[PDB]
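Peer 1:
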Amino acid sequence: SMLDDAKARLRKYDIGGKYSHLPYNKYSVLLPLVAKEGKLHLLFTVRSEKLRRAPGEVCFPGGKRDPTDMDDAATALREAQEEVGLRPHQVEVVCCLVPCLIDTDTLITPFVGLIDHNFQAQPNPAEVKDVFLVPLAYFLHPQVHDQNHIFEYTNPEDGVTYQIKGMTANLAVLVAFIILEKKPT
Ligand SMILES: *CC(=O)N1CCC[C@H]1c1cccc(OC)c1
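Going letter by letter, the sequence shown gives residues 15 to 161, 173 to 210 in the entry's author numbering.
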């Protein structure tokens, strides 16, 4: 099936806990995969304009590890619940992708999660101004604008354009390559 095939592909890139104990300032993100209309999509947030760090930017759900978290995956799931109302029974964490090193002292660990078909986002306006889907296939043929490369995605439902860039854009392309490369039509 589409979903079994995606999970099987993703598992080949799982680093698991290999980098998880290193003494960094630790953050996790969830890359949430949603199946709609026979195709996979990624779920993105737009950060609230009132936040200190990166107001109004397109990001994945996530945030800083706290003492309650059993592991890095728990961080991602806790933050996703707080930001968009995703409950743990509504997500299957499939794998942990290559971490992202920044600022010399920070390690961001991305987890890919398959999202239940009955989940409906409830954006928390203290954290997130918007939540939206992009088809995974978009990231194979994006609309690129240079400012460094920025992706512009226009939602055909409403005509709204979102700008996706940096780590977030790079991770989206990675997931699209992993799942969609070399597939019969
Ligand atoms: C958009 C984005 O992913 N950002 C904004 C702040 C830095 C980065 C980030 C890094 C780790 C966790 C985040 O939580 C979503 C965000």
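Backbone N, C-alpha and C define an ideal beta-carbon position, used for all residues, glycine too.
Under a three-way DSSP split, which group does residue 61 fall into?
Peer 2: Residue 61 falls in the strand class under three-state DSSP.
Peer 1: Per DSSP, residue 153 is paired with what?
Peer 2: In the DSSP output, where bridge partners are listed per residue, residue 153 has none listed.
Peer 1: Looking at the unbroken alpha helix (DSSP H) that takes in residue 95, where does it start and where does it end?
Peer 2: Residue 95 -> alpha helix (DSSP H) spans 86-98.
Peer 1: To the nearest angstrom, report how far apart residue 202 and residue 154 are at their CA atoms.
Peer 2: Their backbone Cα atoms lie some 7 Å apart in a straight line.
Peer 1: Have a look at the DSSP bridge pairing and note the partners of residue 28.
Peer 2: Answer is none; residue 28 lacks a bridge partner.
Peer 1: For the beta strand (DSSP E) containing residue 176, list its first residue and its last residue.
Peer 2: Residue 176 -> beta strand (DSSP E) spans 174-179.
Peer 1: If you measure from the CB of residue 76, is any heavy atom of ligand 1 nearer than 6 Å?
Peer 2: Yes - ligand 1 has a heavy atom lying nearer than 6 Å to the Cβ of residue 76.
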